[PDB]
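File shown here: my_file.txt, holding compact mmCIF, N, CA and C atoms.
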# COMPACT_ATOMS: atom_id res chain seq x y z
N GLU Q 87 32.94 99.03 -169.88
CA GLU Q 87 31.62 99.42 -170.45
C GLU Q 87 31.11 100.86 -170.19
N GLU Q 88 30.84 101.28 -168.93
CA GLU Q 88 30.28 102.64 -168.65
C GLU Q 88 31.12 103.86 -169.16
N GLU Q 89 32.45 103.90 -168.96
CA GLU Q 89 33.30 105.04 -169.45
C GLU Q 89 33.35 105.18 -171.01
N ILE Q 90 33.48 104.05 -171.73
CA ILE Q 90 33.49 104.02 -173.22
C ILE Q 90 32.07 104.38 -173.77
N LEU Q 91 30.95 103.79 -173.28
CA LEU Q 91 29.59 104.19 -173.75
C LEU Q 91 29.30 105.69 -173.39
N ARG Q 92 29.72 106.22 -172.21
CA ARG Q 92 29.59 107.66 -171.84
C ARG Q 92 30.31 108.54 -172.93
N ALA Q 93 31.63 108.32 -173.15
CA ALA Q 93 32.44 109.05 -174.15
C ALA Q 93 31.90 108.98 -175.60
N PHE Q 94 31.72 107.77 -176.20
CA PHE Q 94 31.13 107.65 -177.57
C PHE Q 94 29.73 108.30 -177.68
N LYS Q 95 28.81 108.04 -176.72
CA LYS Q 95 27.45 108.64 -176.75
C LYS Q 95 27.48 110.20 -176.66
N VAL Q 96 28.40 110.87 -175.91
CA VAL Q 96 28.52 112.37 -176.01
C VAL Q 96 29.05 112.72 -177.45
N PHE Q 97 30.06 111.95 -177.94
CA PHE Q 97 30.67 112.13 -179.26
C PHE Q 97 29.66 112.08 -180.47
N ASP Q 98 28.67 111.15 -180.46
CA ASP Q 98 27.56 111.05 -181.46
C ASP Q 98 26.70 112.35 -181.26
N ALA Q 99 26.70 113.22 -182.29
CA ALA Q 99 25.90 114.50 -182.30
C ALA Q 99 24.37 114.23 -182.56
N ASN Q 100 23.85 113.30 -181.76
CA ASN Q 100 22.53 112.65 -181.83
C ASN Q 100 22.73 111.48 -182.85
N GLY Q 101 23.08 111.77 -184.12
CA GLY Q 101 23.30 110.84 -185.24
C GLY Q 101 22.62 109.48 -185.40
N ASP Q 102 21.52 109.14 -184.68
CA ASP Q 102 20.93 107.75 -184.63
C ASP Q 102 21.93 106.70 -183.96
N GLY Q 103 23.00 107.18 -183.29
CA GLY Q 103 24.10 106.36 -182.77
C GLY Q 103 25.35 106.45 -183.69
N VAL Q 104 25.32 107.12 -184.89
CA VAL Q 104 26.52 107.21 -185.78
C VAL Q 104 27.25 108.60 -185.71
N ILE Q 105 28.59 108.50 -185.82
CA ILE Q 105 29.55 109.64 -185.82
C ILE Q 105 30.17 109.76 -187.24
N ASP Q 106 30.14 110.98 -187.81
CA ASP Q 106 30.76 111.28 -189.13
C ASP Q 106 32.07 112.13 -188.98
N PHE Q 107 32.69 112.52 -190.12
CA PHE Q 107 33.93 113.35 -190.10
C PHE Q 107 33.71 114.81 -189.65
N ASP Q 108 32.72 115.53 -190.21
CA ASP Q 108 32.41 116.93 -189.78
C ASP Q 108 31.95 116.98 -188.27
N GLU Q 109 31.08 116.06 -187.76
CA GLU Q 109 30.73 115.98 -186.31
C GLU Q 109 32.01 115.86 -185.40
N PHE Q 110 32.99 114.99 -185.77
CA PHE Q 110 34.23 114.76 -184.96
C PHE Q 110 35.12 116.05 -185.04
N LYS Q 111 35.37 116.59 -186.26
CA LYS Q 111 36.08 117.88 -186.51
C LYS Q 111 35.42 119.15 -185.84
N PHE Q 112 34.16 119.10 -185.39
CA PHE Q 112 33.49 120.19 -184.62
C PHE Q 112 33.64 119.96 -183.06
N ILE Q 113 33.24 118.76 -182.62
CA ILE Q 113 33.17 118.29 -181.21
C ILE Q 113 34.47 117.83 -180.47
N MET Q 114 35.51 117.43 -181.22
CA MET Q 114 36.84 116.97 -180.68
C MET Q 114 37.36 117.90 -179.56
N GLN Q 115 37.48 119.20 -179.88
CA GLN Q 115 37.84 120.21 -178.88
C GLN Q 115 36.46 120.76 -178.41
N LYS Q 116 35.97 120.04 -177.41
CA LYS Q 116 34.68 120.22 -176.68
C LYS Q 116 34.04 121.64 -176.45
N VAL Q 117 34.79 122.76 -176.34
CA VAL Q 117 34.20 124.11 -176.13
C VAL Q 117 33.98 124.77 -177.53
N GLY Q 118 32.77 124.62 -178.09
CA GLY Q 118 32.39 125.19 -179.41
C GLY Q 118 33.18 124.65 -180.63
N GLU Q 119 33.50 125.56 -181.57
CA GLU Q 119 34.26 125.24 -182.81
C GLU Q 119 35.83 125.37 -182.68
N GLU Q 120 36.38 124.77 -181.61
CA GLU Q 120 37.82 124.76 -181.26
C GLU Q 120 38.76 123.78 -182.06
N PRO Q 121 38.40 122.69 -182.83
CA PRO Q 121 39.39 121.84 -183.59
C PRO Q 121 40.36 122.61 -184.52
N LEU Q 122 41.54 122.76 -183.91
CA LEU Q 122 42.68 123.54 -184.43
C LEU Q 122 43.46 122.85 -185.61
N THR Q 123 44.04 121.61 -185.57
CA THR Q 123 44.69 120.99 -186.76
C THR Q 123 43.79 119.78 -187.12
N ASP Q 124 43.37 119.79 -188.38
CA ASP Q 124 42.50 118.75 -188.99
C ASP Q 124 43.15 117.36 -189.18
N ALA Q 125 44.46 117.31 -189.49
CA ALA Q 125 45.23 116.06 -189.65
C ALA Q 125 45.20 115.13 -188.41
N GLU Q 126 45.28 115.67 -187.16
CA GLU Q 126 45.20 114.84 -185.92
C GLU Q 126 43.83 114.06 -185.82
N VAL Q 127 42.73 114.82 -186.02
CA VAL Q 127 41.32 114.36 -186.01
C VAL Q 127 41.05 113.35 -187.19
N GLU Q 128 41.42 113.70 -188.45
CA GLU Q 128 41.28 112.79 -189.64
C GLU Q 128 42.05 111.44 -189.46
N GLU Q 129 43.30 111.46 -188.94
CA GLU Q 129 44.08 110.23 -188.63
C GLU Q 129 43.36 109.34 -187.56
N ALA Q 130 42.95 109.93 -186.40
CA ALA Q 130 42.21 109.16 -185.36
C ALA Q 130 40.85 108.54 -185.82
N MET Q 131 39.98 109.29 -186.54
CA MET Q 131 38.69 108.70 -187.03
C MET Q 131 38.92 107.68 -188.17
N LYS Q 132 39.82 107.93 -189.17
CA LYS Q 132 40.14 106.92 -190.22
C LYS Q 132 40.67 105.59 -189.56
N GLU Q 133 41.58 105.62 -188.55
CA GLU Q 133 41.99 104.36 -187.85
C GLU Q 133 40.83 103.73 -186.99
N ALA Q 134 39.88 104.52 -186.42
CA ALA Q 134 38.73 103.98 -185.63
C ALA Q 134 37.50 103.45 -186.46
N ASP Q 135 37.24 103.87 -187.74
CA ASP Q 135 36.18 103.24 -188.59
C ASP Q 135 36.91 102.00 -189.24
N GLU Q 136 36.61 100.75 -188.85
CA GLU Q 136 37.26 99.56 -189.52
C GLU Q 136 36.66 99.23 -190.95
N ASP Q 137 35.37 99.54 -191.21
CA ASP Q 137 34.66 99.37 -192.50
C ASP Q 137 33.40 100.24 -192.22
N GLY Q 138 32.37 99.83 -191.41
CA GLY Q 138 31.19 100.64 -191.02
C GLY Q 138 30.61 101.66 -192.00
N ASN Q 139 30.70 101.43 -193.33
CA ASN Q 139 30.30 102.45 -194.35
C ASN Q 139 31.19 103.77 -194.35
N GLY Q 140 32.19 103.99 -193.46
CA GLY Q 140 32.95 105.26 -193.39
C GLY Q 140 32.58 106.16 -192.17
N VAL Q 141 31.37 106.02 -191.57
CA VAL Q 141 30.95 106.80 -190.36
C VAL Q 141 30.71 105.70 -189.28
N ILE Q 142 31.26 105.98 -188.09
CA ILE Q 142 31.30 105.04 -186.97
C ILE Q 142 30.00 104.85 -186.15
N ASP Q 143 29.57 103.59 -186.00
CA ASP Q 143 28.45 103.19 -185.13
C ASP Q 143 29.07 102.86 -183.73
N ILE Q 144 28.26 102.95 -182.67
CA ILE Q 144 28.75 102.68 -181.29
C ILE Q 144 29.42 101.26 -181.11
N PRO Q 145 28.87 100.07 -181.51
CA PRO Q 145 29.55 98.76 -181.33
C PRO Q 145 31.01 98.66 -181.86
N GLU Q 146 31.41 99.37 -182.94
CA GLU Q 146 32.79 99.33 -183.47
C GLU Q 146 33.87 99.87 -182.49
N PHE Q 147 33.82 101.15 -182.07
CA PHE Q 147 34.78 101.74 -181.09
C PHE Q 147 34.91 100.93 -179.76
N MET Q 148 33.76 100.61 -179.14
CA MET Q 148 33.78 99.83 -177.91
C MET Q 148 34.24 98.39 -178.17
N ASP Q 149 33.78 97.59 -179.15
CA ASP Q 149 34.39 96.24 -179.36
C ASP Q 149 35.93 96.32 -179.73
N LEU Q 150 36.39 97.41 -180.40
CA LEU Q 150 37.82 97.71 -180.69
C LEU Q 150 38.64 97.78 -179.35
N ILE Q 151 38.10 98.39 -178.25
CA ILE Q 151 38.79 98.36 -176.90
C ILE Q 151 38.30 97.09 -176.06
N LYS Q 152 37.00 97.08 -175.72
CA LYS Q 152 36.20 96.08 -174.94
C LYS Q 152 35.80 94.67 -175.57
N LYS Q 153 36.27 94.22 -176.76
CA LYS Q 153 35.90 93.01 -177.59
C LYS Q 153 35.05 91.77 -177.19
N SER Q 154 34.70 91.65 -175.93
CA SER Q 154 33.81 90.56 -175.40
C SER Q 154 32.34 91.10 -175.24

Would you write out, as structure tokens, the structure that this file holds?
Amino acid sequence: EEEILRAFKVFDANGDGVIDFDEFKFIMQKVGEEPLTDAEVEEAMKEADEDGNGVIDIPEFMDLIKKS
């Protein structure tokens, strides 16, 4: 619980709790605008949104690892 909610909550760029494609492509490489190859980031977020309208809410990523 604590490590996954810490990581996803820094990852949400405030977003009301939701993460989109441009937020992940900016924040992935944590020091400013560092995301170097777009294909690595696009593959990881497309496999982590299971349906969720296309942009990830906090319960999806954590139930995907933590499911209870």

Those of chain Q in DSSP alpha helix (DSSP H), formatted as an NGL selection string: :Q and (88-97 or 107-113 or 124-134 or 144-152)

Draw an axis-aligned box over all listed atoms of range 125-128 of chain Q, pad each side with 8 Å, and write its centre and edge lengths in Å, one decimal, as JSON.
{"center_x": 43.2, "center_y": 114.4, "center_z": -187.7, "size_x": 20.2, "size_y": 21.9, "size_z": 19.8}

Got a sec: who's within 8 Å of residue 90 in chain Q, counting all atoms listed in the file, leaving out chain neighbours fewer than 6 positions off, as a PDB file with N, CA and C atoms, in the coordinates of the input?
ATOM      1  N   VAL Q  96      28.400 110.870-175.910  1.00  0.00           N
ATOM      2  CA  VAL Q  96      28.520 112.370-176.010  1.00  0.00           C
ATOM      3  C   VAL Q  96      29.050 112.720-177.450  1.00  0.00           C
ATOM      4  N   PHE Q 147      33.820 101.150-182.070  1.00  0.00           N
ATOM      5  CA  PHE Q 147      34.780 101.740-181.090  1.00  0.00           C
ATOM      6  C   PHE Q 147      34.910 100.930-179.760  1.00  0.00           C
ATOM      7  N   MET Q 148      33.760 100.610-179.140  1.00  0.00           N
ATOM      8  CA  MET Q 148      33.780  99.830-177.910  1.00  0.00           C
ATOM      9  C   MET Q 148      34.240  98.390-178.170  1.00  0.00           C
TER      10      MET Q 148
END

Spatial neighbours of range 97-105 of chain Q, 8 Å, only C-alpha atoms, chain gap at least 3 places, as a VMD selection string: chain Q and resid 93 to 94 109 to 110 113 to 114 141 to 144

Residue 111 in chain Q surroundings by only N, CA and C atoms, 7 Å radius, close-in-sequence under 2 positions cut, as a PyMOL selection string: chain Q and resi 106-109+113-115+119-121+124+127

Closest of Q:134, Q:88, Q:123, Q:112 to residue 146 in chain Q - atom-to-atom distances counting only C-alpha atoms: Q:134

Straight-line distance linking atom N of residue 91 in chain Q with atom C of residue 152 in chain Q, stated in Å to one decimal: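 These two atoms are separated by 10.6 Å.
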
Point-to-point distance from CA of residue 149 in chain Q to CA of residue 126 in chain Q, Å rounded to tenths: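 Calculated distance between CA of residue 149 in chain Q and CA of residue 126 in chain Q is 22.5 Å.
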
Interatomic distance, CA of residue 138 in chain Q to CA of residue 95 in chain Q (Å, one decimal):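 The value is 16.8 Å.
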
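Backbone DSSP assigns strand (DSSP E) in chain Q to residues 104, 105, 142 and 143 of chain Q.
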
Completed range 142-153 of chain Q (N, CA, C and O atoms) as a compact mmCIF listing (two decimals), in the frame of the given file:
# COMPACT_ATOMS: atom_id res chain seq x y z
N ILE Q 142 31.26 105.98 -188.09
CA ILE Q 142 31.30 105.04 -186.97
C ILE Q 142 30.00 104.85 -186.15
O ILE Q 142 29.46 105.81 -185.61
N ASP Q 143 29.57 103.59 -186.00
CA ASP Q 143 28.45 103.19 -185.13
C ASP Q 143 29.07 102.86 -183.73
O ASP Q 143 30.25 102.52 -183.59
N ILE Q 144 28.26 102.95 -182.67
CA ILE Q 144 28.75 102.68 -181.29
C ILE Q 144 29.42 101.26 -181.11
O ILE Q 144 30.52 101.28 -180.54
N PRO Q 145 28.87 100.07 -181.51
CA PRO Q 145 29.55 98.76 -181.33
C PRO Q 145 31.01 98.66 -181.86
O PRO Q 145 31.78 97.96 -181.24
N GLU Q 146 31.41 99.37 -182.94
CA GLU Q 146 32.79 99.33 -183.47
C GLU Q 146 33.87 99.87 -182.49
O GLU Q 146 34.73 99.08 -182.11
N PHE Q 147 33.82 101.15 -182.07
CA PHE Q 147 34.78 101.74 -181.09
C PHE Q 147 34.91 100.93 -179.76
O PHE Q 147 36.03 100.58 -179.32
N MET Q 148 33.76 100.61 -179.14
CA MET Q 148 33.78 99.83 -177.91
C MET Q 148 34.24 98.39 -178.17
O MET Q 148 35.13 98.01 -177.42
N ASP Q 149 33.78 97.59 -179.15
CA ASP Q 149 34.39 96.24 -179.36
C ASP Q 149 35.93 96.32 -179.73
O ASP Q 149 36.69 95.44 -179.32
N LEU Q 150 36.39 97.41 -180.40
CA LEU Q 150 37.82 97.71 -180.69
C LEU Q 150 38.64 97.78 -179.35
O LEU Q 150 39.74 97.23 -179.32
N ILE Q 151 38.10 98.39 -178.25
CA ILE Q 151 38.79 98.36 -176.90
C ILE Q 151 38.30 97.09 -176.06
O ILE Q 151 39.07 96.19 -175.74
N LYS Q 152 37.00 97.08 -175.72
CA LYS Q 152 36.20 96.08 -174.94
C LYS Q 152 35.80 94.67 -175.57
O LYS Q 152 35.06 93.99 -174.88
N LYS Q 153 36.27 94.22 -176.76
CA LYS Q 153 35.90 93.01 -177.59
C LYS Q 153 35.05 91.77 -177.19
O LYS Q 153 34.70 90.96 -178.06
